[PDB]
Amino acid sequence: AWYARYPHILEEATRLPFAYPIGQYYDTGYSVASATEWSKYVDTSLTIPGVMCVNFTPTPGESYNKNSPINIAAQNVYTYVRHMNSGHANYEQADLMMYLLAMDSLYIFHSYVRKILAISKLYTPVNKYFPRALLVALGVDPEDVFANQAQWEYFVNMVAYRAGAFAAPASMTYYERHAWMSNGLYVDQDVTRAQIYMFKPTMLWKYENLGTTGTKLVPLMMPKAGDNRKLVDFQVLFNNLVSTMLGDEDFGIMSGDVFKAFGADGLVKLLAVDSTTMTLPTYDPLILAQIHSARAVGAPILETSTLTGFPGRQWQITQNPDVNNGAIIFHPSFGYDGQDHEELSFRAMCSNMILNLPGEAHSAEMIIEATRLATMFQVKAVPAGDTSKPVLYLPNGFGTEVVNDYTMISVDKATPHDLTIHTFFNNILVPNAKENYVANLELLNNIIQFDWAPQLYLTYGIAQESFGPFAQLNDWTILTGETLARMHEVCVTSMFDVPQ
Amino acid sequence: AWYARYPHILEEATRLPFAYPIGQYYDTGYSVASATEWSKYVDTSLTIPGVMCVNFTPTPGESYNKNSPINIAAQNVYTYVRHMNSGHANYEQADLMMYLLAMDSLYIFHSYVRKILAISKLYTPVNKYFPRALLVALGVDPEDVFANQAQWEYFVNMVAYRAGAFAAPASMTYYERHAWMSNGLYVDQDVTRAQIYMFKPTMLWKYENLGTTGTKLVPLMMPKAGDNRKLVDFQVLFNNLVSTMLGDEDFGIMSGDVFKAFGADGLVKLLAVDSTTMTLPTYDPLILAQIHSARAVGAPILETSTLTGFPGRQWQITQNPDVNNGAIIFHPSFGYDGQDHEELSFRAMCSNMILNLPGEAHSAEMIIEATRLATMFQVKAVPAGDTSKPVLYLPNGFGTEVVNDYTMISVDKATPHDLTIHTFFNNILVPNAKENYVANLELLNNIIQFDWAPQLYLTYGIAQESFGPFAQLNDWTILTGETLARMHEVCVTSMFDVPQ
Amino acid sequence: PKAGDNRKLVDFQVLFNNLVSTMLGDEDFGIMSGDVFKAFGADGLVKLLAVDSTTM
Amino acid sequence: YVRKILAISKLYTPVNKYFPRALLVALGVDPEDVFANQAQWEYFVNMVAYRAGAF
Amino acid sequence: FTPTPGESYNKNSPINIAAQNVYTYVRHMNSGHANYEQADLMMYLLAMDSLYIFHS
C-alpha cells in the first residue's frame, strides 16, 4: 500500500491534538473568514456538559390498604420485635415502621453530607468541572467547603455518632440501597473524560408526632442546586431532623426494643470518615439501566403549596389509627410542577413507557433493577371544586424511590462561561418564543451528550403536539402499568424484607 | 436474600417480549384512560428507521493546475505505460487518465446494478425493511425487480461482460476503494435488528470525445429514491454511458495498452452473478468512522441548472490543450441546493469541523481514513454580475469523493404505514411554520437512532440562529482547513498511484 | 534567502512551488524522465533519504 | 538544503552555544519557525523528497 | 530567598533552552494543542514552582 510505503508523511500529516479537557468553553473558529457577516447563522460554540443530577425522593411505595408491602413488612418486623423478642407493648406496628423510615431519612442525610465532603477533594486537569460543578449541583457553596473543610469533616463524623443513638436492622436492604444510591459518582462511560451521574435527595422525612391522632412524616425540603448553602444551613437542617427524634420516650423504648431484638452486630454501622477517605467515580451499568428508565413526576406538594381545586394533597405519610384499620397510608398526587398552572407538557407522560435495555439477553434481575425509578401515571385525580388550575395524576404504583427533577451543569456559551443550572423533567415544554427553540436544541444536545440519558417527551406549545421517547433504542419493550405495578410490588416487598 | 428464596415470582414477573421486529408502526397505547381527550398531546407513536443511504460522487481531487496530484499520477502512469513498454503516440497522458476516470464510473455503475440485483434476495423476519426499503432508497421500482428478475440478471451480466472488455489497473487503489464502497451493506451496531448504511452514486462521469477542444467528462444523473425507475431506464443509462465510448475506434487502442502494460492478472475484474450470489450486511467501524465525519456539499451543478450570477459553474472534468497547458481542470462550486435561491442553512457549514473518533488511542490510518468523506468550505465564489440569488462556496481541496446529500427511509406516522423518503444535507433548515418543528424533532430522533450518524447543523429561521454539531462527542478534535487539505492531498495521492 | 532574512516555512514553500511550476506542469518532461529510468535501471539512480524524528 | 535545515535544529551540546540557533541563522531561516512548526516542516521535506523522487 | 529562573537577556539562556525542550516534548512528540508558545508553557511551570513553594 501507499500508507505502508510512506508512513512518515502519514504520521506527520495526521498529528492532531486530541483529548480536549472538558469543563470550559471551546471555540471552533471560522473556516470562512467572511462568515462574520452572518453572526448567529454560524455556530462556533462548543460546550460539553459534565454533571447530570437525579433529584430523588425516598418512598415506602404505594399504600392505600393493609395489604400493601409496607404494612406487611411492618407487621412482620413488629412480630419479630414483640412476639418473639419480648417487646414493651407501648406502640403498634406502624409506629415502629415510621420510626424505621425516619432512620432511613437519617442515613440518607448522612450519606448526602458524606458525599458533599468527599467530592470537594477531587481535582484533575482533564476535567475542570471537578469539584465545583458537583458542589453546585448539590446546592452547597464550594467556598464554604474550601475554607472550613475540617469543620465539614467533624460535622459528618458527629452526624455518624449521633445517628448511632437509635437502632435499625442491618439486613434490611432498604437502608443499604438508599445509602449506596445517594453516595456514588457514576460515569456514563469507562473513559477518563466521562460524564458524572449523581443522586441528590430533595425530600427527607421529618417526624411529627403531635397529639393522640397518630404520627406523621411531614416533608422537609433539601437545598436545590444553585443555592449556595453553608455549613450552618446543613447544621440547621440536621437539628431540624432530630428535633422531635431525640428526647422522645416512645422513640427511646423503640430503639431499646430494636437493640434487644437485633444484636449489636445486627444493626447498621455508619462508617467514620477522615482526611484520607475520598471517593472516585466508578462505572456502574446497573445504575445507568435505572437512570435510563427513570420517569419524572414533578416537584413535591407541601402544606405551604397553593393549589386551586386540590386541597390537602401534600406528600405526607399518615398513621391515623381510627381510619383504614391503622394502615400506613401513603399515596401522593403527582404531576405538580412547583407552581399553580396547567403544565401542558405533563400530558405527554400519559402514554405507556418504553423499557430500553442494553444488550440482547436480559436476566430477571436486570429487568427488575432497570425499573426501580420508573413511574407511570394511571388515573387523573378528581379535584374538589369547580375551578382547577393544575392537573394531578395518581400512579398505579411506584418503587422505593421516585424521581422529581433533573439538573444539568454545563458551561455557558456566552461571556464569561460560568456554570448554568438547567432544571427539567422528562417532559420539556417549548412555548411561543424565538429564544426558546435554540435553547431547547442546546438542552437536547446536552442531554444526548450523556450515554444513558432518560427518554424525554418534548411538547411543542405552538403545534399542540408532543413527541415520544427522544432516546436511541437498542432492545426495547412496551411496559403496561399493571406489569410495572407488579414489578414495583416485588421491589418494595424485597427491599423492606428482613430475615428473622 | 428475598430473591433467592422466592425465585418463581421474580421469574414470572419479568416475562416480557423484547425482540420487537423493526419495520412497522407500533402503537404504545394510552396508560391514562382519559388521555384520549388531549389528542396529539399524548404521542403513542413509535417508529424505528432502517435505511440511511449516503449519496456520494466520485472526484479526482480538485485539480486546478498541472501541479495537482491527479496530473502527477497521470504523468506517472503515462511513463509506466509508454516508456517501460512500447506503446502508441495517438494519445496523451490526460486522455489515458480521463479514460481511467471513466472506467471508475463504469465500474461504479456495474456495482450499482449488481447491488440492486443482490439486495432483493434479502429477507429476515426481524427486519421488515428487507428488501423493499433498500430498493426504494436505491431508486428502483421494487416490483420491477421481482417481476423481471431474469431480465435484470442478464442485464447485469451483460454490463459486466461489456465493461470487462477494457482494462484498468488493480494496483491503483481508486477502483478497489470505490467498488468496495459501492456494494455491500454496513450495519451500525452489529446486532440482528440493526440499521443499514448504503452508498449510492448521485452522478457519474459520462465520456464524450469532442474535437480539438478536448475529451471533457460530462455529468450524468442517477435516479433518486422517489423515482421508482424500471429496468429500461437503467438500460437507457447504460446505453448512453457507452454510446460514444464503445463507438470510438481509438478507445480500444489505449484500452489494450493498459492490458499489455499491467498484465492480465493486475487488472480490475468484475464479479459475475447468478441466482445464489446474495450480499449480507457486515460490521465495519472503518466505514462508520468516515460516515460519522462526513459533510454534505449539495447537489451537483449541471448545464440545465439555472444560477443567478453563476453562469459557468457546471461540474465538469475538462481537458483543453489550448488553455492551462493541457492540464486536467476540475474546480466545482459547492453550496447548491437544487433551486435558484440561497440555502440559509448552508451558512452553518462555515465553522470548522469536529473530528470525533471512538476509543482513546487513534492510529494514523484511522485518522486519515476517517476524513475521506469530509469537505469544508473555504471562501465564497465571486458572482459574475450585479445580483446573485444563490450563494456558492469554494472548497479548500476535497477528497476522493464528496457527499451530496442523504436519504432516510422509515415507516409512516399514519395509515397505511408505507415507506417515507427524507432528503437532507448535513445542514437542516427549519423555517417558521406550524408543523415543521415536530417534523424536525422526529427527523432528529430518527437520525440519532443511527449510531454513527453525521453531525447535523440545524438552522432555525425564527431565531435566525444555527446550532453546532448535533452528535454525541466521545474523543474529538477541531480540524482547520489547512490540516484537512494536507490530509486530502495525501488521500488523493495514495489512491491515484501505481507501485509498478 | 541570505542569513539576515529569517524567512518562514511559506517562503520555502513558495520557492519549491515556483521551482517546479513549469516543470511538473510539462507533459514532455516525464517522457525524458522515464527514459533515464529505463536506461540506467532502477538501482543506478539518485535516491533521496527520507527523514523522521530521529534523523539527526 | 531543506533537509539540512530540518536536521540542524535538533543539535545541542552544552560546550557549544551556537547549536542550533546560529546555524539556522546562517542558513537564512527563522530559528523560531522551525521549532514552532516542526510537524509542518517535516512533512514539507518529505513531500519535497516524494515529488523530487518521481523523476 | 527569592525563586529565580536565572539570568536571561537572550534566547541562548538556559531558561529559554529548557522552554524549547519541554515545548518540543509536549507538542512535537505528544500531540499538543498549538494554542500557546514555548514561553507560555514555561511561565506556567514557574507559576507551578511558586505554588509548590507556597505549599511547602
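Conventions and cut-offs
- Residues numbered from 1 in each chain as written, not as in the entry; some residues may be left out.
- Chains lettered and ligands numbered in written order.
- Part of a larger assembly, values for the part shown.
- Heavy atoms only, no water.
- Salt bridge = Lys/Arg side-chain N within 4 Å of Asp/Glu carboxyl O.
- Buried < 20%, exposed > 50% of the residue type's maximum accessible area, 1.4 Å probe, protein only.
- Contact = heavy atoms within 4.5 Å.
- Buried area = accessible area lost by both parts, 1.4 Å probe.
- Helix = DSSP H or I, 4+ residues; strand = E, 2+ residues; numbered from the N terminus.
- Nonpolar A, V, L, I, M, F, W, Y, C, P; charged D, E, K, R; others polar.
- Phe/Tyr/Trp six-rings, centres within 6.5 Å; stacked < 30°, edge-to-face > 60°.
- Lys NZ or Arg CZ within 6 Å of the ring centre and 35° of its normal.
- Pairing = 2+ DSSP bridges.

If you check the header, you'll see the entry was determined by cryo-EM and the resolution is listed as 3.25 Å.

Below, the discussion takes up the pattern of salt bridges. All names here are of chain B. The tally for this structure, following the rule as stated, stands at 21 salt bridges over all chains. Between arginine 372 and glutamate 369 there is a salt bridge, with its nearest N and O atoms 3.0 Å apart. Per residue, the accessibility class of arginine 372 equals that of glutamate 369, and both read buried. One network of salt bridges, with partners in common, ties together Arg177, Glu369, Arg372 and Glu401.

Time to look at the interface of chain D and chain E. Facing 9 residues of chain D, the contacting portion of chain E comprises 9 residues. Surface buried jointly by chain D and chain E totals about 780 Å² across both partners, of which 50% is contributed by carbon and sulfur atoms. Broken down by secondary-structure element, the contributors of at least two residues to the side of chain D that touches chain E are α3 (31–36) and α4 (38–52) of chain D.

Let us look at the environment of B:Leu288. All names here are of chain B. With respect to the secondary-structure elements, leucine 288 resides in helix α11 (residues 285–292). Given the relative accessible area of 1%, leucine 288 is considered buried. For the pair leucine 288 and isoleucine 368, spaced 80 residues apart in sequence, the C-alpha to C-alpha distance is 14 Å. Discounting chain neighbours no more than four positions away, the residues touching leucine 288 are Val187, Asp188, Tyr197, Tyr283 and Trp452.

Interface extent is often summarised as the accessible area lost during association of the parts. Every contact between the two is made by 96 residues of chain A and, on the other side, 98 residues of chain B. The junction of chain A with chain B conceals about 9600 Å² of combined surface from both sides, 63% of it contributed by carbon and sulfur atoms. Together, A:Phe18, A:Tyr41 and A:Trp476 form the three largest contributors to the area buried by chain A at its contact with chain B, with a combined 9%. The tally of links from chain A across to chain B stands at 5 salt bridges. A:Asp497 is the salt-bridge partner of B:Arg5, the closest N and O atoms lying 3.0 Å from each other. If you tally residues by element for the side of chain A that touches chain B, the top one is helix α13 (residues 437–449) of chain A, at 8 residues. Partitioning the side of chain A that touches chain B into residue classes produces 55 nonpolar, 23 polar and 18 charged.

Okay, the arrangement of the chains next. The assembly contains 8 pairs of chains in contact; the pair sharing the most contacts is chains A and B. Nowhere do chain C and chain E come into contact; their C-alpha atoms are at least 9 Å apart.

In this section: the packing of aromatic side chains. A complete count under the given rule lists 74 aromatic pairs over all chains for this structure. Sitting over the face of the ring of A:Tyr41, B:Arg347 holds its NZ or CZ atom 4.6 Å from the ring centroid.

To continue, consider the environment of B:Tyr161. All names here are of chain B. Relative to the helices and strands, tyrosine 161 is located in helix α7 (residues 149–163). On the basis of relative accessibility, which here comes to 57%, the residue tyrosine 161 falls in the exposed class. Linking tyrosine 161 and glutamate 249, residues 88 residues apart in sequence, is a C-alpha distance of 19 Å.

Bringing the pairing of strand β16 (residues 457–460) of chain B into the picture now. Residues and elements named next belong to chain B. The alternating pattern of β16 places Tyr457 and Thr459 on one face and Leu458 and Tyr460 on the opposite face, and all of these are buried. Two strands pair when backbone bridges link them, and strand β15 (residues 427–430) and β16 are joined in this way by 4 bridges, in the parallel orientation. Opposite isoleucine 428, over in β16, you have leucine 458 as the bridge partner. In terms of strand pairing, β16 meets strand β17 (residues 465–466) through 2 bridges, oriented antiparallel. Across the sheet, the residue bridging to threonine 459 is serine 466, located in β17. Taken together, β16 and the strand that follows it, β17, pair antiparallel across an intervening segment of 4 residues, in which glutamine 464 is found at a positive phi of about 55°.

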